[PDB]
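Shown next: query.cif, given as mmCIF, C-alpha atoms and all ligand atoms.
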data_coords
loop_
_atom_site.group_PDB
_atom_site.id
_atom_site.type_symbol
_atom_site.label_atom_id
_atom_site.label_comp_id
_atom_site.auth_asym_id
_atom_site.auth_seq_id
_atom_site.Cartn_x
_atom_site.Cartn_y
_atom_site.Cartn_z
ATOM 1 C CA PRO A 3 90.196 61.308 -89.453
ATOM 2 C CA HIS A 4 94.003 61.196 -89.246
ATOM 3 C CA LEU A 5 94.320 60.320 -92.938
ATOM 4 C CA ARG A 6 95.486 63.703 -94.276
ATOM 5 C CA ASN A 7 98.795 63.614 -92.356
ATOM 6 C CA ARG A 8 100.957 61.711 -94.808
ATOM 7 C CA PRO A 9 103.921 59.452 -94.008
ATOM 8 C CA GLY A 10 107.464 60.405 -94.895
ATOM 9 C CA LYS A 11 107.632 64.007 -96.020
ATOM 10 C CA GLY A 12 104.181 64.130 -97.610
ATOM 11 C CA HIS A 13 104.677 65.961 -100.922
ATOM 12 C CA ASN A 14 101.584 65.500 -103.115
ATOM 13 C CA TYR A 15 102.680 68.007 -105.782
ATOM 14 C CA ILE A 16 103.778 67.201 -109.335
ATOM 15 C CA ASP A 17 107.098 68.620 -110.528
ATOM 16 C CA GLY A 18 105.250 70.303 -113.391
ATOM 17 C CA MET A 19 102.455 72.087 -111.510
ATOM 18 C CA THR A 20 104.161 73.747 -108.531
ATOM 19 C CA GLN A 21 101.679 76.635 -108.297
ATOM 20 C CA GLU A 22 99.383 75.537 -105.451
ATOM 21 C CA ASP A 23 101.763 73.885 -103.078
ATOM 22 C CA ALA A 24 101.305 76.000 -99.935
ATOM 23 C CA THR A 25 98.635 73.518 -98.803
ATOM 24 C CA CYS A 26 99.300 70.542 -101.118
ATOM 25 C CA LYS A 27 102.977 70.215 -100.057
ATOM 26 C CA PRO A 28 103.627 69.097 -97.327
ATOM 27 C CA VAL A 29 99.934 68.296 -96.946
ATOM 28 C CA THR A 30 98.686 68.288 -93.320
ATOM 29 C CA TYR A 31 95.116 69.372 -92.442
ATOM 30 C CA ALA A 32 94.587 72.336 -94.756
ATOM 31 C CA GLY A 33 92.007 71.305 -97.364
ATOM 32 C CA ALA A 34 93.333 72.617 -100.689
ATOM 33 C CA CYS A 35 95.224 69.771 -102.383
ATOM 34 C CA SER A 36 93.847 68.657 -105.747
ATOM 35 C CA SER A 37 96.271 65.721 -106.132
ATOM 36 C CA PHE A 38 95.408 64.228 -102.715
ATOM 37 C CA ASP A 39 91.886 65.196 -101.622
ATOM 38 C CA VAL A 40 90.519 63.385 -104.698
ATOM 39 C CA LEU A 41 91.698 60.119 -103.104
ATOM 40 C CA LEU A 42 89.518 60.563 -100.005
ATOM 41 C CA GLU A 43 85.956 60.385 -101.365
ATOM 42 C CA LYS A 44 84.482 57.099 -100.167
ATOM 43 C CA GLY A 45 83.942 54.647 -103.014
ATOM 44 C CA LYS A 46 86.692 56.143 -105.181
ATOM 45 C CA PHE A 47 90.129 54.512 -104.955
ATOM 46 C CA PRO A 48 88.976 51.589 -102.770
ATOM 47 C CA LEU A 49 92.467 50.093 -102.506
ATOM 48 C CA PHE A 50 94.312 53.237 -101.414
ATOM 49 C CA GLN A 51 91.738 54.029 -98.736
ATOM 50 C CA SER A 52 92.170 50.480 -97.402
ATOM 51 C CA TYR A 53 95.871 51.251 -96.877
ATOM 52 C CA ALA A 54 95.521 54.947 -96.147
ATOM 53 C CA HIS A 55 98.733 55.712 -94.253
ATOM 54 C CA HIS A 56 100.936 54.432 -97.066
ATOM 55 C CA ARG A 57 102.255 56.730 -99.790
ATOM 56 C CA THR A 58 100.509 57.811 -102.965
ATOM 57 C CA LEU A 59 102.313 57.652 -106.302
ATOM 58 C CA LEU A 60 103.494 61.266 -106.075
ATOM 59 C CA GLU A 61 104.813 60.894 -102.526
ATOM 60 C CA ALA A 62 106.867 57.814 -103.419
ATOM 61 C CA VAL A 63 108.306 59.716 -106.391
ATOM 62 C CA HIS A 64 109.533 62.633 -104.290
ATOM 63 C CA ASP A 65 110.343 60.401 -101.354
ATOM 64 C CA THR A 66 112.754 59.105 -104.041
ATOM 65 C CA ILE A 67 111.176 55.627 -103.846
ATOM 66 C CA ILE A 68 109.845 55.565 -107.431
ATOM 67 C CA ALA A 69 111.713 57.039 -110.396
ATOM 68 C CA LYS A 70 110.327 59.076 -113.306
ATOM 69 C CA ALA A 71 110.223 58.207 -117.000
ATOM 70 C CA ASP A 72 112.570 59.819 -119.508
ATOM 71 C CA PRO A 73 109.605 61.646 -121.080
ATOM 72 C CA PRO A 74 108.231 62.697 -117.671
ATOM 73 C CA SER A 75 105.340 64.473 -119.425
ATOM 74 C CA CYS A 76 103.594 63.913 -122.739
ATOM 75 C CA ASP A 77 101.793 66.595 -124.748
ATOM 76 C CA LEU A 78 98.135 65.924 -125.585
ATOM 77 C CA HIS A 82 99.262 61.226 -135.676
ATOM 78 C CA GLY A 83 100.022 61.189 -131.949
ATOM 79 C CA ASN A 84 103.065 60.731 -129.743
ATOM 80 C CA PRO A 85 104.478 57.219 -129.196
ATOM 81 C CA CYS A 86 103.874 57.706 -125.433
ATOM 82 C CA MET A 87 100.142 57.248 -125.974
ATOM 83 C CA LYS A 88 100.405 53.504 -126.696
ATOM 84 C CA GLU A 89 100.672 52.871 -122.951
ATOM 85 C CA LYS A 90 97.847 55.247 -122.010
ATOM 86 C CA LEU A 91 95.431 53.985 -124.670
ATOM 87 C CA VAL A 92 95.345 50.478 -123.174
ATOM 88 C CA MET A 93 94.178 51.682 -119.738
ATOM 89 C CA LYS A 94 90.608 52.966 -119.383
ATOM 90 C CA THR A 95 90.505 55.869 -116.921
ATOM 91 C CA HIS A 96 88.165 58.769 -116.165
ATOM 92 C CA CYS A 97 89.500 62.233 -115.333
ATOM 93 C CA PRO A 98 87.229 64.879 -113.787
ATOM 94 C CA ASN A 99 87.084 68.289 -115.405
ATOM 95 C CA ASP A 100 89.634 71.048 -114.773
ATOM 96 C CA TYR A 101 92.673 68.750 -114.756
ATOM 97 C CA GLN A 102 95.625 69.321 -117.081
ATOM 98 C CA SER A 103 97.896 66.541 -115.780
ATOM 99 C CA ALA A 104 97.492 62.958 -114.606
ATOM 100 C CA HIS A 105 100.096 60.498 -113.345
ATOM 101 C CA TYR A 106 100.330 56.717 -113.529
ATOM 102 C CA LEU A 107 102.823 53.897 -113.029
ATOM 103 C CA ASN A 108 104.729 53.146 -116.219
ATOM 104 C CA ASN A 109 105.327 49.681 -117.609
ATOM 105 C CA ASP A 110 108.914 49.953 -116.351
ATOM 106 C CA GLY A 111 107.765 50.969 -112.869
ATOM 107 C CA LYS A 112 108.385 54.715 -113.211
ATOM 108 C CA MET A 113 105.819 57.514 -113.005
ATOM 109 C CA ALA A 114 104.641 59.004 -116.302
ATOM 110 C CA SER A 115 102.456 62.085 -116.716
ATOM 111 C CA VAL A 116 99.987 63.332 -119.324
ATOM 112 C CA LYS A 117 100.191 67.105 -119.740
ATOM 113 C CA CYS A 118 97.983 69.626 -121.543
ATOM 114 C CA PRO A 119 98.446 73.287 -122.535
ATOM 115 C CA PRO A 120 97.556 75.786 -119.767
ATOM 116 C CA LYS A 121 93.809 76.369 -120.200
ATOM 117 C CA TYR A 122 93.356 73.024 -121.968
ATOM 118 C CA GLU A 123 91.845 70.504 -119.572
ATOM 119 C CA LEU A 124 92.035 66.743 -119.973
ATOM 120 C CA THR A 125 89.254 64.838 -121.695
ATOM 121 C CA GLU A 126 87.144 62.600 -119.474
ATOM 122 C CA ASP A 127 88.910 59.504 -120.825
ATOM 123 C CA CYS A 128 92.263 61.291 -120.198
ATOM 124 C CA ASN A 129 93.373 60.723 -123.795
ATOM 125 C CA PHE A 130 93.124 64.246 -125.275
ATOM 126 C CA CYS A 131 93.077 67.936 -124.308
ATOM 127 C CA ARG A 132 89.928 70.082 -124.444
ATOM 128 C CA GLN A 133 88.674 73.278 -122.800
ATOM 129 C CA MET A 134 86.920 73.862 -119.473
ATOM 130 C CA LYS A 140 92.792 72.689 -111.059
ATOM 131 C CA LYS A 141 96.584 72.919 -110.707
ATOM 132 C CA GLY A 142 97.463 69.331 -109.840
ATOM 133 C CA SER A 143 97.741 65.790 -111.185
ATOM 134 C CA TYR A 144 94.824 63.369 -111.031
ATOM 135 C CA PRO A 145 95.935 59.838 -110.047
ATOM 136 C CA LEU A 146 94.748 57.611 -112.870
ATOM 137 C CA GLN A 147 95.171 54.250 -111.140
ATOM 138 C CA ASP A 148 94.315 53.243 -107.583
ATOM 139 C CA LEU A 149 97.527 52.282 -105.795
ATOM 140 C CA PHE A 150 99.717 52.778 -102.752
ATOM 141 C CA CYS A 151 103.490 52.619 -102.410
ATOM 142 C CA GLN A 152 106.203 51.784 -99.898
ATOM 143 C CA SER A 153 109.977 51.641 -99.572
ATOM 144 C CA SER A 154 111.328 48.162 -100.287
ATOM 145 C CA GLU A 155 114.655 46.430 -100.889
ATOM 146 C CA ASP A 156 113.353 43.128 -102.310
ATOM 147 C CA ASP A 157 114.936 42.120 -105.616
ATOM 148 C CA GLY A 158 112.483 41.583 -108.457
ATOM 149 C CA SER A 159 115.011 40.693 -111.147
ATOM 150 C CA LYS A 160 113.305 37.406 -112.048
ATOM 151 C CA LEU A 161 109.687 38.407 -111.382
ATOM 152 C CA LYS A 162 107.554 38.709 -114.513
ATOM 153 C CA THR A 163 103.865 38.727 -115.371
ATOM 154 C CA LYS A 164 102.273 35.273 -115.510
ATOM 155 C CA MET A 165 98.499 34.961 -115.867
ATOM 156 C CA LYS A 166 96.091 32.088 -116.468
ATOM 157 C CA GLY A 167 95.860 31.549 -120.224
ATOM 158 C CA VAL A 168 96.212 35.264 -120.990
ATOM 159 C CA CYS A 169 97.649 36.149 -124.391
ATOM 160 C CA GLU A 170 98.098 39.884 -123.745
ATOM 161 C CA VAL A 171 97.583 42.064 -120.672
ATOM 162 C CA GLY A 172 97.914 45.828 -120.858
ATOM 163 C CA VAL A 173 100.879 46.613 -123.083
ATOM 164 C CA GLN A 174 102.328 43.193 -122.256
ATOM 165 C CA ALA A 175 102.035 40.382 -124.797
ATOM 166 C CA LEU A 176 102.811 37.434 -122.532
ATOM 167 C CA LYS A 177 102.648 34.885 -125.363
ATOM 168 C CA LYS A 178 102.203 34.987 -129.118
ATOM 169 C CA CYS A 179 98.803 33.487 -129.891
ATOM 170 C CA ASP A 180 96.858 32.840 -133.082
ATOM 171 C CA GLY A 181 93.757 31.247 -131.603
ATOM 172 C CA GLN A 182 90.142 32.134 -130.874
ATOM 173 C CA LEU A 183 90.476 35.021 -128.438
ATOM 174 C CA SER A 184 88.470 37.143 -126.009
ATOM 175 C CA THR A 185 88.937 40.886 -125.486
ATOM 176 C CA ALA A 186 87.665 42.902 -122.520
ATOM 177 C CA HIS A 187 88.319 45.971 -120.387
ATOM 178 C CA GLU A 188 89.297 44.217 -117.151
ATOM 179 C CA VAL A 189 90.727 45.739 -113.980
ATOM 180 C CA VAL A 190 93.916 43.773 -113.275
ATOM 181 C CA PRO A 191 95.974 43.897 -110.055
ATOM 182 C CA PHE A 192 99.616 44.820 -110.546
ATOM 183 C CA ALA A 193 102.710 45.341 -108.434
ATOM 184 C CA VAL A 194 106.158 46.838 -108.933
ATOM 185 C CA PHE A 195 109.433 45.597 -107.440
ATOM 186 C CA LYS A 196 112.927 47.055 -107.506
ATOM 187 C CA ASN A 197 114.478 45.430 -110.582
ATOM 188 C CA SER A 198 111.127 44.370 -112.072
ATOM 189 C CA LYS A 199 108.794 45.877 -114.629
ATOM 190 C CA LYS A 200 105.068 45.987 -113.924
ATOM 191 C CA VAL A 201 103.820 42.561 -112.850
ATOM 192 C CA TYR A 202 100.133 42.009 -113.523
ATOM 193 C CA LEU A 203 98.504 39.334 -111.389
ATOM 194 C CA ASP A 204 95.415 37.137 -111.384
ATOM 195 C CA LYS A 205 94.613 37.376 -107.667
ATOM 196 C CA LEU A 206 95.848 40.028 -105.235
ATOM 197 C CA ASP A 207 97.408 38.450 -102.119
ATOM 198 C CA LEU A 208 98.189 41.394 -99.834
ATOM 199 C CA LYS A 209 99.244 40.820 -96.234
ATOM 200 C CA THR A 210 100.515 43.452 -93.801
ATOM 201 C CA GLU A 211 103.274 42.894 -91.234
ATOM 202 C CA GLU A 212 102.695 45.568 -88.602
ATOM 203 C CA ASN A 213 105.609 47.064 -86.682
ATOM 204 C CA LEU A 214 106.753 50.047 -84.595
ATOM 205 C CA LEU A 215 108.707 51.952 -87.261
ATOM 206 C CA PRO A 216 108.215 55.745 -87.421
ATOM 207 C CA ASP A 217 105.993 55.467 -90.509
ATOM 208 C CA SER A 218 103.509 53.428 -88.429
ATOM 209 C CA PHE A 219 102.646 56.506 -86.341
ATOM 210 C CA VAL A 220 100.517 59.629 -86.635
ATOM 211 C CA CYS A 221 101.471 62.513 -84.356
ATOM 212 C CA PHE A 222 99.913 65.593 -82.713
ATOM 213 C CA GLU A 223 96.390 64.265 -82.115
ATOM 214 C CA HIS A 224 95.418 66.223 -78.978
ATOM 215 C CA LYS A 225 95.729 70.012 -78.967
ATOM 216 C CA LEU A 241 95.052 70.227 -85.635
ATOM 217 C CA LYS A 242 98.747 70.147 -86.539
ATOM 218 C CA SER A 243 101.177 67.568 -87.890
ATOM 219 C CA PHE A 244 104.245 66.675 -85.834
ATOM 220 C CA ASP A 245 107.484 65.109 -87.042
ATOM 221 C CA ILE A 246 107.987 61.927 -85.020
ATOM 222 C CA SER A 247 111.733 62.342 -85.608
ATOM 223 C CA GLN A 248 111.742 65.128 -83.002
ATOM 224 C CA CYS A 249 110.445 62.744 -80.328
ATOM 225 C CA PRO A 250 113.071 61.193 -78.045
ATOM 226 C CA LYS A 251 113.314 57.458 -78.159
ATOM 227 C CA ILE A 252 114.037 55.665 -74.898
ATOM 228 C CA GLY A 253 117.524 56.931 -74.104
ATOM 229 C CA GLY A 254 117.568 58.952 -77.328
ATOM 230 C CA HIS A 255 118.447 62.618 -77.586
ATOM 231 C CA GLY A 256 115.061 64.072 -78.560
ATOM 232 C CA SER A 257 114.873 67.903 -78.810
ATOM 233 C CA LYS A 258 111.097 67.712 -78.139
ATOM 234 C CA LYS A 259 108.665 66.083 -75.687
ATOM 235 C CA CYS A 260 106.074 63.654 -77.065
ATOM 236 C CA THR A 261 103.370 61.378 -75.665
ATOM 237 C CA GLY A 262 101.164 58.696 -77.135
ATOM 238 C CA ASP A 263 99.435 55.353 -76.893
ATOM 239 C CA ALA A 264 100.852 52.150 -75.425
ATOM 240 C CA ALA A 265 102.559 51.353 -78.734
ATOM 241 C CA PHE A 266 104.179 54.794 -78.871
ATOM 242 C CA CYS A 267 105.262 54.803 -75.212
ATOM 243 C CA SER A 268 106.947 51.430 -75.760
ATOM 244 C CA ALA A 269 109.527 52.758 -78.251
ATOM 245 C CA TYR A 270 109.595 56.514 -77.539
ATOM 246 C CA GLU A 271 109.820 58.150 -74.124
ATOM 247 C CA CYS A 272 106.610 59.806 -72.930
ATOM 248 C CA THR A 273 105.497 62.461 -70.447
ATOM 249 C CA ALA A 274 102.572 64.795 -69.723
ATOM 250 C CA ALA A 277 103.367 67.134 -73.811
ATOM 251 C CA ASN A 278 104.609 68.768 -77.012
ATOM 252 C CA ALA A 279 102.756 66.266 -79.250
ATOM 253 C CA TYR A 280 100.579 63.147 -79.172
ATOM 254 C CA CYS A 281 101.487 60.134 -81.320
ATOM 255 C CA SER A 282 99.221 57.140 -82.017
ATOM 256 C CA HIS A 283 99.503 54.068 -84.223
ATOM 257 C CA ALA A 284 97.918 53.833 -87.671
ATOM 258 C CA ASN A 285 95.786 50.724 -88.180
ATOM 259 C CA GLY A 286 97.142 48.695 -91.083
ATOM 260 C CA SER A 287 100.420 50.644 -91.206
ATOM 261 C CA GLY A 288 103.331 48.268 -91.687
ATOM 262 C CA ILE A 289 105.443 46.521 -94.263
ATOM 263 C CA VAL A 290 103.101 44.834 -96.741
ATOM 264 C CA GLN A 291 104.182 41.826 -98.783
ATOM 265 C CA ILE A 292 102.545 40.439 -101.908
ATOM 266 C CA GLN A 293 102.519 36.897 -103.248
ATOM 267 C CA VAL A 294 103.651 36.401 -106.847
ATOM 268 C CA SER A 295 103.445 32.787 -108.072
ATOM 269 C CA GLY A 296 103.749 31.254 -104.609
ATOM 270 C CA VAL A 297 106.713 33.400 -103.601
ATOM 271 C CA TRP A 298 106.238 36.352 -101.237
ATOM 272 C CA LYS A 299 108.108 39.549 -102.116
ATOM 273 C CA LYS A 300 108.117 43.090 -100.741
ATOM 274 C CA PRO A 301 106.740 45.379 -103.484
ATOM 275 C CA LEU A 302 107.367 49.056 -104.078
ATOM 276 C CA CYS A 303 103.845 49.866 -105.299
ATOM 277 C CA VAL A 304 100.653 47.806 -105.527
ATOM 278 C CA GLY A 305 97.510 48.885 -107.297
ATOM 279 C CA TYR A 306 94.561 48.312 -109.593
ATOM 280 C CA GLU A 307 94.325 49.193 -113.273
ATOM 281 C CA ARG A 308 91.608 48.643 -115.885
ATOM 282 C CA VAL A 309 93.440 47.479 -119.017
ATOM 283 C CA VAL A 310 92.683 45.552 -122.195
ATOM 284 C CA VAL A 311 92.996 41.796 -121.623
ATOM 285 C CA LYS A 312 92.994 39.157 -124.380
ATOM 286 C CA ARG A 313 92.525 35.688 -122.868
ATOM 287 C CA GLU A 314 93.058 32.502 -124.842
ATOM 288 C CA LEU A 315 90.321 29.918 -125.224
ATOM 289 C CA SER A 316 91.001 26.231 -125.909
HETATM 290 AU AU AU B 1 109.190 67.249 -102.118
HETATM 291 AU AU AU B 2 98.797 51.657 -94.559
HETATM 292 AU AU AU B 3 95.685 60.044 -135.532
HETATM 293 AU AU AU B 4 101.157 70.606 -116.719
HETATM 294 AU AU AU B 5 83.880 45.171 -122.152
#
Turn this file's structure into structure tokens for me.
Amino acid sequence: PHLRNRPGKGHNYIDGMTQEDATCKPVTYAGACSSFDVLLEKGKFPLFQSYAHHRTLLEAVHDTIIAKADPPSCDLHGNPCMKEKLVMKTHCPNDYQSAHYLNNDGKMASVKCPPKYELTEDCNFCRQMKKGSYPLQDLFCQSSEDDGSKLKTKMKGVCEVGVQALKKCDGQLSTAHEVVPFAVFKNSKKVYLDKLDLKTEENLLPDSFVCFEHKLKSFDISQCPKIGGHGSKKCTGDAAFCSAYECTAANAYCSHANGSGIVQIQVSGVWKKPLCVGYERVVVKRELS
């Protein structure tokens, strides 16, 4: 229902493809947004839909939360950028020429193709037959100030995960395409995990609200007066809204988004506030004996 009104600003456009951004940036209830509406089909991206009113990878990038890699794009024996992409097993639909993902360093990298050249299904090459990036991995993002300087990937008897060789091993091994949970913190690289311990801490911050749900349009909650605040508009809402912001009865209606709040992860017993958290099918070599 109220899932297509994004938090923050709501830009779901890639810096490369800026053509169709009248409806894809800033989203709202329009319909035409190739980089966002592909996250809303039930069954696809099960993690993002679970935390729907958080930010996608593109939104965090242009909400300045997540940075971009020094080769922000990569064309198509091949470029050294591909080493990271070849370890993850993804599936791009047809008629896509770009696709974004979270780098090893925690930045957002893209995979670009010439204009009429679409991406292969595996998203590793360019072939022939819209204007928007297909999110490769299922994730959501949030603004966080937790330091991840010491946090690294530690997994149960795993020799290599993704592009990360945790330990040097010459033993009898086991290779598989496994979907591994990962998270990104401020001063940390990607941290792959064995189990995914996500817990939300709900609150009353402006990102926990969806607005203009009566008479559809998106409203900026910033325009609503808080109690005693200055305002410049006249909002109304649920009990949660009318506890922090002053209400009447009616320039907009503001409710609370279920699950919206600061979400912490557990990494090796410690609980830290991550920037992004997601799922990724990568090559995993586990030790035996
Ligand atoms: Au933007
Ligand atoms: Au959420
Ligand atoms: Au080659
Ligand atoms: Au492109
Ligand atoms: Au396999």
Kindly resolve the PyMOL selection byres (((not hetatm)) within 7 of (chain B and resi 2)) on the present coordinates and return the residues as a compact mmCIF listing (two decimals) with C-alpha atoms, in the coordinates of the input.
# COMPACT_ATOMS: atom_id res chain seq x y z
CA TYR A 53 95.87 51.25 -96.88
CA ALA A 54 95.52 54.95 -96.15
CA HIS A 55 98.73 55.71 -94.25
CA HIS A 56 100.94 54.43 -97.07
CA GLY A 286 97.14 48.70 -91.08
CA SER A 287 100.42 50.64 -91.21
CA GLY A 288 103.33 48.27 -91.69
Non-local contacts of stretch 215-247 of chain A (9 Å; all atoms listed in the file; under 5 positions in same chain excluded) as a CSV table (one decimal) with C-alpha atoms, in the frame of the given file:
chain,number,residue,atom,x,y,z
A,4,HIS,CA,94.0,61.2,-89.2
A,5,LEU,CA,94.3,60.3,-92.9
A,7,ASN,CA,98.8,63.6,-92.4
A,8,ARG,CA,101.0,61.7,-94.8
A,9,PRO,CA,103.9,59.5,-94.0
A,10,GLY,CA,107.5,60.4,-94.9
A,30,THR,CA,98.7,68.3,-93.3
A,31,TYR,CA,95.1,69.4,-92.4
A,55,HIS,CA,98.7,55.7,-94.3
A,56,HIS,CA,100.9,54.4,-97.1
A,256,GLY,CA,115.1,64.1,-78.6
A,260,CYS,CA,106.1,63.7,-77.1
A,261,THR,CA,103.4,61.4,-75.7
A,262,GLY,CA,101.2,58.7,-77.1
A,266,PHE,CA,104.2,54.8,-78.9
A,278,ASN,CA,104.6,68.8,-77.0
A,279,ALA,CA,102.8,66.3,-79.2
A,280,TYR,CA,100.6,63.1,-79.2
A,281,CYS,CA,101.5,60.1,-81.3
A,282,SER,CA,99.2,57.1,-82.0
A,283,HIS,CA,99.5,54.1,-84.2
A,284,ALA,CA,97.9,53.8,-87.7
A,285,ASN,CA,95.8,50.7,-88.2
A,286,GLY,CA,97.1,48.7,-91.1
A,287,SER,CA,100.4,50.6,-91.2
A,288,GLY,CA,103.3,48.3,-91.7
Explicit residue set for the PyMOL selection byres (((not hetatm)) within 9 of (chain B and resi 1)), as a VMD selection string: chain A and resid 11 to 15 17 27 to 28 61 63 to 65
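The coordinates place atom CA of residue A:78 at 5.5 Å from atom CA of residue A:118.
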What does the list of residues within 10 Å of ligand AU 3 (chain B) look like if you count all atoms listed in the file, written as a list in words? residues 82, 83 and 84 of chain A
Taking all atoms listed in the file into account, list the residues no farther than 8 Å from ligand AU 5 (chain B), as a JSON list (two decimals) with C-alpha atoms, keeping the file's coordinate frame.
[["chain", "number", "residue", "atom", "x", "y", "z"],
["A", 185, "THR", "CA", 88.94, 40.89, -125.49],
["A", 186, "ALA", "CA", 87.66, 42.90, -122.52],
["A", 187, "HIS", "CA", 88.32, 45.97, -120.39],
["A", 188, "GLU", "CA", 89.30, 44.22, -117.15]]
Run through the PyMOL selection byres (((not hetatm)) within 12 of (chain B and resi 4)) on the given coordinates and return the selected residues as a PyMOL selection string. chain A and resi 15-21+74-78+100-105+115-124+131+140-144
Mind writing the picked residues with C-alpha atoms as an mmCIF file, in the coordinates of the input?
data_model
loop_
_atom_site.group_PDB
_atom_site.id
_atom_site.type_symbol
_atom_site.label_atom_id
_atom_site.label_comp_id
_atom_site.auth_asym_id
_atom_site.auth_seq_id
_atom_site.Cartn_x
_atom_site.Cartn_y
_atom_site.Cartn_z
ATOM 1 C CA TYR A 15 102.680 68.007 -105.782
ATOM 2 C CA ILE A 16 103.778 67.201 -109.335
ATOM 3 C CA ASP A 17 107.098 68.620 -110.528
ATOM 4 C CA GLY A 18 105.250 70.303 -113.391
ATOM 5 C CA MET A 19 102.455 72.087 -111.510
ATOM 6 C CA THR A 20 104.161 73.747 -108.531
ATOM 7 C CA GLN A 21 101.679 76.635 -108.297
ATOM 8 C CA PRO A 74 108.231 62.697 -117.671
ATOM 9 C CA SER A 75 105.340 64.473 -119.425
ATOM 10 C CA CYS A 76 103.594 63.913 -122.739
ATOM 11 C CA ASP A 77 101.793 66.595 -124.748
ATOM 12 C CA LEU A 78 98.135 65.924 -125.585
ATOM 13 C CA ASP A 100 89.634 71.048 -114.773
ATOM 14 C CA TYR A 101 92.673 68.750 -114.756
ATOM 15 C CA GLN A 102 95.625 69.321 -117.081
ATOM 16 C CA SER A 103 97.896 66.541 -115.780
ATOM 17 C CA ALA A 104 97.492 62.958 -114.606
ATOM 18 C CA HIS A 105 100.096 60.498 -113.345
ATOM 19 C CA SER A 115 102.456 62.085 -116.716
ATOM 20 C CA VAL A 116 99.987 63.332 -119.324
ATOM 21 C CA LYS A 117 100.191 67.105 -119.740
ATOM 22 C CA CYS A 118 97.983 69.626 -121.543
ATOM 23 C CA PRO A 119 98.446 73.287 -122.535
ATOM 24 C CA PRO A 120 97.556 75.786 -119.767
ATOM 25 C CA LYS A 121 93.809 76.369 -120.200
ATOM 26 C CA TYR A 122 93.356 73.024 -121.968
ATOM 27 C CA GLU A 123 91.845 70.504 -119.572
ATOM 28 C CA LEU A 124 92.035 66.743 -119.973
ATOM 29 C CA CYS A 131 93.077 67.936 -124.308
ATOM 30 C CA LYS A 140 92.792 72.689 -111.059
ATOM 31 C CA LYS A 141 96.584 72.919 -110.707
ATOM 32 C CA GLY A 142 97.463 69.331 -109.840
ATOM 33 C CA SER A 143 97.741 65.790 -111.185
ATOM 34 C CA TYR A 144 94.824 63.369 -111.031
#
Of the listed residues A:294, A:24, A:113, A:173, that which approaches residue A:308 most closely, counting only C-alpha atoms: A:173
In Å and to one decimal, atom CA of residue A:43 is distant from atom CA of residue A:208 by 22.6 Å
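Put simply, atom CA of residue A:112 is 6.0 Å away from atom CA of residue A:68.
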Taking all atoms of stretch 4-13 of chain A that the file lists and extending 3 Å past them on each side, where is the centre of the axis-aligned box and how long are its edges? Answer in Å to one decimal, as AutoDock Vina command-line options.
--center_x 100.8 --center_y 62.7 --center_z -95.1 --size_x 19.6 --size_y 12.5 --size_z 17.7
Just the residues within 9 Å of residue A:207, please, counting only C-alpha atoms, with nothing from its chain fewer than 4 positions along; format it as an MDAnalysis selection string. chainID A and resid 291:294
Which residue out of A:250, A:264, A:145, A:166 has the minimum interatomic distance to residue A:47 when all atoms listed in the file are used?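 Comparing A:250, A:264, A:145, A:166 against residue A:47, the winner is A:145.
All protein, DNA and RNA residues at most 9 Å from (94.3, 31.4, -122.5) are residues 165, 166, 167, 168, 169, 179, 183, 184, 312, 313, 314, 315 and 316 of chain A, using only C-alpha atoms.
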For the structure just given, write the atoms of stretch 69-78 of chain A, namely N, CA and C atoms, as a compact mmCIF listing (two decimals), in the first residue's frame.
# COMPACT_ATOMS: atom_id res chain seq x y z
N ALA A 69 28.80 5.64 -0.35
CA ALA A 69 29.65 6.25 -1.37
C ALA A 69 29.68 5.38 -2.63
N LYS A 70 30.34 5.89 -3.66
CA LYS A 70 30.46 5.19 -4.94
C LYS A 70 31.92 4.83 -5.20
N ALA A 71 32.12 3.76 -5.96
CA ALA A 71 33.46 3.27 -6.24
C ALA A 71 34.16 4.15 -7.28
N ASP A 72 35.49 4.14 -7.24
CA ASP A 72 36.26 4.98 -8.16
C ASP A 72 36.04 4.63 -9.63
N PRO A 73 35.85 3.38 -10.04
CA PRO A 73 35.20 3.11 -11.32
C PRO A 73 33.70 2.94 -11.14
N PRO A 74 32.94 4.04 -11.07
CA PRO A 74 31.51 3.90 -10.75
C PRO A 74 30.75 3.01 -11.72
N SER A 75 31.21 2.89 -12.96
CA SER A 75 30.64 2.00 -13.95
C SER A 75 31.73 1.03 -14.39
N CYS A 76 31.34 0.00 -15.14
CA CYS A 76 32.32 -0.86 -15.78
C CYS A 76 31.73 -1.37 -17.09
N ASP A 77 32.48 -1.19 -18.18
CA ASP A 77 32.02 -1.55 -19.51
C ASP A 77 32.01 -3.07 -19.68
N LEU A 78 30.94 -3.57 -20.30
CA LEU A 78 30.73 -5.00 -20.50
C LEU A 78 30.79 -5.77 -19.18
